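Quick heads-up: the structure tokens below are two forms of one chain, split into structure 1 and structure 2.
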Structure 1
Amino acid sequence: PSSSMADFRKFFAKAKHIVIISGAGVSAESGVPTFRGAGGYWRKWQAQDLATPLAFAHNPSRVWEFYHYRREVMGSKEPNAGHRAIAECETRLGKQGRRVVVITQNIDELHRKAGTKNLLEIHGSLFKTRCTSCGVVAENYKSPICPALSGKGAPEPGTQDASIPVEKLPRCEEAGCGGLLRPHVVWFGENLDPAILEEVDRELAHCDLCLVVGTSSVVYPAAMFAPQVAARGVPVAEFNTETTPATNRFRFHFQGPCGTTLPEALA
């Protein structure tokens, strides 16, 4: 792939429907832990170990400690220069009748905090719950999410399981329900939301320029979205700290922290 910013900027000046696909690389630049690399653990586990219907079925306390930790950590995190350039570009182009859509694998809401309005959160959100009895999905920014979790969730190896009984984990507040809540986060082995997938398929079919930003952690189907666009002849620009297994299918590859490359690219 090319690293000609001048060539990318030519396409950028004319594009009417831009899809930006973001992965954890963009969150790591704001210091948000991801729990996925070689070496990236919470206690003795990684995200793929805890973000699973198996972990929740067998140890819902532990899975809640882990998402509690992640919610509380966000308290003190801010969107970075890459989130901002993406949000500013959306705003600016929309005044020109041009469309920018962000499809994000991230669940941390930093794009939303930066001002991105056209945001498809394909793996859900740290700050949503879903009731496992009635299925209602609700916003929840409470700190702590329930009292039994106050002080829990510490990441250090050695840390004991809180072992909170299911009755004192987060519970649905809908009148007449009382069911156990779960994070409204898509786990490994589960279906993505069919409504969101329809949007994603439609946006990808219309777009005339695709950006792929901080997607070194490979997850399906998201890792297929940009190859699908490139396979139609549409230019794809990858902004990442390293190459990925799909890099050789894209038109552009710009190496470096997204925070350094995006502000220039999207000016």
Structure 2
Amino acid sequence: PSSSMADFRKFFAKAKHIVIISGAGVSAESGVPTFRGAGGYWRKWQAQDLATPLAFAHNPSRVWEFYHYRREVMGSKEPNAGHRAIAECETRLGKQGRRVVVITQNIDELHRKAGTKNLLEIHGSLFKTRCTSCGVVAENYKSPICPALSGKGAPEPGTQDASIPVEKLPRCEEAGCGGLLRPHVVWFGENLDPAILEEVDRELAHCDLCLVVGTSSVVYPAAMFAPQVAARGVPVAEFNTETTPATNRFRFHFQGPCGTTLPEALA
């Protein structure tokens, strides 16, 4: 694990297919908290407990409050210099006939807002819904997503659940369905999309340089992506404020906010 930017740049200059894996840390400097420690809580509950099939099945109103809140917070948010460096890198290399692809754990769409085109959102999106009856996935940026959620989603401990009746939670507007919608987001304990996983596999297999940016490397299976490329003999560069369990697997580690390290790295 070197911290030599110059050695990384040598590899960067020659790379024809760069995979950039990102986690919540890439959006921290945008004012979107990660789930590490404090941001991992909402009212009395842990985010990793709310983001489960069990929690939603038994209390879809509380879970929707939680997602509504996040959708609303995400409204004000802007890509940071980390996101911008990544998008600009893709566009510049694209004109050289070189490839950059972003594989993100994040559901916040900030990579998209920054202009990134080659993007695999492996955990879905905060701004998509899926119908729990007919399975139809739709884009949704409505604020609020439904009338009953207005002013709701307050994260403060002791905030009673709005306890919205299920017919007044977001409902499918497909012809003759009316089903309860859920956020189109992969929850803990759910399968990732097999089609997306095969796209991920094709990128990992063909790439020649990999960056792992702002991820804890403890969410599976995404945590195994970069280790797998590094096993193939490919250089992996980690950009994170801390070391992680995967750190010593990687060729490079650059400590600090990725917003301040990425722009120089990717110029």
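Residues are numbered by position in structure 1's sequence, first residue being 1. Shifts are known only where both forms have a C-alpha. We call the rigid core whatever largest set of C-alpha positions still superposes within 1.5 Å between the two forms.
Scan 34, 241, 228, 59 for the one whose CA shifts by 2 Å or more between structure 1 and structure 2 after superposing the rigid core, and name it.
The answer here is 34.
| task | Give the C-alpha shift of residue 216 between structure 1 and structure 2, in Å, after superposing the two forms on their rigid core. | result | After core superposition, the C-alpha of residue 216 moves 2.1 Å between structure 1 and structure 2.
* Asked: What Cα shift, in Å, does residue 157 show between structure 1 and structure 2 once the core is superposed?
  -> Its C-alpha moves by 1.0 Å once the cores are overlaid.
Core-referenced shifts between structure 1 and structure 2 - contiguous stretches of at least three, CA at least 2 Å
Once the cores are aligned, run 33-40 is the only one whose C-alphas move by at least 2 Å.
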